[PDB]
Each structure stands twice: as structure tokens, then as C-alpha cells.
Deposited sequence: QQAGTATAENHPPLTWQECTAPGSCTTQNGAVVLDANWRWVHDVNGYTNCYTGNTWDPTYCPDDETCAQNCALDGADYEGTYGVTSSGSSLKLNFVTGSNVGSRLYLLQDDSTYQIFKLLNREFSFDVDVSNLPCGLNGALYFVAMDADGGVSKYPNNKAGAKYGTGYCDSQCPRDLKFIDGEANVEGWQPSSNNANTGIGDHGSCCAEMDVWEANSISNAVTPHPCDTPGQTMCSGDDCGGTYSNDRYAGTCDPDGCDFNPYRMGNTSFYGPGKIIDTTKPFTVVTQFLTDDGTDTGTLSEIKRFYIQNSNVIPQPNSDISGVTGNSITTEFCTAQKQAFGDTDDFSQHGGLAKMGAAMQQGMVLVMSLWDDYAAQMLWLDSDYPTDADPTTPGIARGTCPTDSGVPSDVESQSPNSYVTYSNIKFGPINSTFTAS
């Protein structure tokens, strides 16, 4: 895709901090950029839609390649069209703005380059306010193995790049992306938004997926860490027919404290009381305590009112601990009767390989047209006994979360992420 000219692209500023030790942090002047898929795509020569509603305009987009040469991703009015505002070290995502629903943003090193995080033997921490996120919404902060330049050096027809939020991929191998690898997704485009023949896969570390009711932390490995194209139902993921047909783990190894049997830990009025802000800390430990080692454990702490509170232990029979490890992941898949696609695609060793490639920080607010976010905050397989281990993930009713409901009833929902800090283990807090 080309770079557009109707609207100029100005990235909202966002500061964060890199630390070397507790109390010793340096502020970085970052910025964020809106993902390519939320943008208006217009023809390079005038101001005409290449994409109209849920369909490609064949005059400009008769095939994948031509479309990409003829069409441009426009700049974004962040506040007014997409409901994104930044202040200093804080970023606010509004749910519904006019006819826009939600957003996905990446953190930039500079105006053409995603910030790369190498997470092994490091810790990542951020403050969050999810008090205005009801059932059916997902305020996500996570990492994917995208190219720093958004694909430009690999794909000559991508002239927009990171500056326009190109190059997305995650463990679902999404086929709803209008542009992949410097080509439009037009041949095979089946309207619902819509899905095409091509998808974009890469390893995904979901540090935080949450609303005011439930949260989960979930690594999702892929055979190839790092961005790959797939095609048809071989993609697997949410949009393909068979979830488990592809090269990535679509479920992942998850720790949601509610699902693990502690229902008094996280929620309104609870130990982590989601009516107020709190701090989320995630450590990525290696077997030998060094930066070159194998990923072996993911640990979680929360901080609310200067109190440091560790992730609760699993209270599921035969599943032990409060951290993600190979042992935990094996035991939890068995005790819930879920297919162990995690270990099939290389588990934590392969999550670690992706972390070694470097990963991009994504911040997001979305609702779920496929599954109503019930996998996160309700009884998920809905046709199943909510007393059997692993079905119940939160207190939301099973009729919650349908997009046309939440978009109409809670349009002023929002999420705020702030005070991002990154460094060696135990440097981001006391």
C-alpha cells in the first residue's frame, strides 16, 4: 500500500521509562501509531474508496498486486475519529467514536520504526484502569513478532510501513487484514469487515487481556516465530474452519485467576479491586538467569495502593503454582481436557525464540464478533457444565458481549494505560 495524502499522519506522543535498577529510570519519548486496518484506504490519484463497506472496488483493485500499487492508507485523526488521546506517560482508548469501534496501536521508536523489546530476563510493568470496561470488552496490551519496519524492506509495494501501522501478525493468523506482505487481500475476499485467502502469523505474548471482571496472561507460540504468510483454512485461528490446522497455538497456555479457581482475587471490590487503578508487573525468567537462556517461567505481581500482591496459586486439582512454566501448562491442559497445541508448537522454548527475535508492543480495545469475549469473562463452551474445571472464567452471563449490544449500551467505555516501565528483573518496582 501507498502512503496517503488526504489526511496527514501525526503520531500521538507517549513517554515510557527504561530502568537499570529500582528508582533509576530514564524517560523515552515514544509515540503510537494506528494499525493499518482502521484507516481509510483511498486511490493514490484522487480521493476515492478502494475499499467500500465490506467490498473491494474492482476498478482499482482487480487483483492483490494492482490494488496495492493503486491504493493508499490515509492518515488518522486520532482524537476525533478513533477516540485515541495521550497526555504524558498515559494513553486513553475510547470504545465507540462516531461509527468507529475500538483501536489497535503500536509503540514507535521513531516515526518509521516500531520499538523492539527483547523480553528475555526482563520485566515489563504498566498501570491500568479497567474500571470502565464491562463484560464483552477486551483492553489488551501484548507483544507480537512483527518486523520493526512494518515490512517495508521485504516488500517493495509496501511504501507506507510502520508510519501507517503496517505489518500486523498474531497467533490467530488473521485473515481480516486488507494488506499483507505488500499486497491487498482481494482475491478470495469473502464479505461478512471481511476475510480473505491470506493471513499473517506470528508468535504472540498476551501480557494482559482484561476488563473489570476477568484477566488472562497467555503465551501463544508458532513454528516460525516472526511474521509469516498463510493461506486458506491452513491458517487456522479464529477465522478458518479448523482452529488447529495452522502453525500457531490459537489457545495458548493461559492463567486467568478465576478459571484457575480463585474467584475472590480479581474483580470489583476484590483483592485486586478493579474499580480503581492498579499496576501489572510481568517477569520473563530464563533457566540460567541470563539474557541468552531458555524462557522457563513467566511471573506476575500486581500493585494496588503501594501493596505488592502476587498472582494467586492455582486451586485446580493437580495443577500447582502461580506462574506459567512447562509443568504448569502440561498439567492445566490435562485437567481441563483441552488439546495441548501449546506443546505441539514448541511451548515456552519457542515463545522464547520469538522473544529473541524482538517483539512489538500492541495496545488495543476490541469487542468480539465470534465468541462475545466469553472465553475471557463467562462460561465459555456455553453448552457445558459450569462446575467442571475450566469452563468458568468470570461472572458475566452467557448472553453478554454481543457487539451490537455493548456498542450501543456502553459507547463511552474506555481503557487507560500509563507509566510503562521496562528493565531487568526487580528494576520497575520495589
May I ask you to mark the stretches of the deposited sequence that the structure leaves without C-alpha coordinates?
193-197, 436-437
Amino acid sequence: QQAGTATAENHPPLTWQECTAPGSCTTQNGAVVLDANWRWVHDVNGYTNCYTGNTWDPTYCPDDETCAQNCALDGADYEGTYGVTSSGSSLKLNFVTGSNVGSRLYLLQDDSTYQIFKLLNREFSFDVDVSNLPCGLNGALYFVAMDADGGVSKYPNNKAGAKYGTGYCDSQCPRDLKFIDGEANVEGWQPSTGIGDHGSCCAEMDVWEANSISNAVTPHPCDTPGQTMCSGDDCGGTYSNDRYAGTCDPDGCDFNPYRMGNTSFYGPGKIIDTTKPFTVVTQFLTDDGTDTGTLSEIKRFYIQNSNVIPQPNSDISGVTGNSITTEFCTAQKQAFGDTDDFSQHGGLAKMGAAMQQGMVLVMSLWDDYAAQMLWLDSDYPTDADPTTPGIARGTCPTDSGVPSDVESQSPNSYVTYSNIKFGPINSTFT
From here on, numbers count along this sequence of modelled residues.
On average, which has the higher Cα B-factor in the deposited entry, 161-169 or 96-104?
96-104
Taking the mean of the C-alpha B-factors per stretch from the entry, tell me the winner out of 294-302 and 232-240.
232-240
By the CA temperature factor listed in this entry, which of these ranks top: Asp338, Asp176, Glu209, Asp77?
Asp338
Scanning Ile316, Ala140, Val130, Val281 for peak Cα temperature factor in the entry gives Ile316
Sorting by Cα B-factor within the chain, modelled residues only, which third would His198 end up in: lowest, middle or highest?
highest
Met260 - which third its CA temperature factor falls in, relative to the rest of the chain
middle
Quick one: classify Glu187 as lowest, middle or highest third of the chain based on its Cα B-factor.
highest
For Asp149, the third of its chain into which the C-alpha B factor falls:
lowest
Going by the CA temperature factor in the PDB record, which third of the chain does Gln69 belong to: lowest, middle or highest?
highest
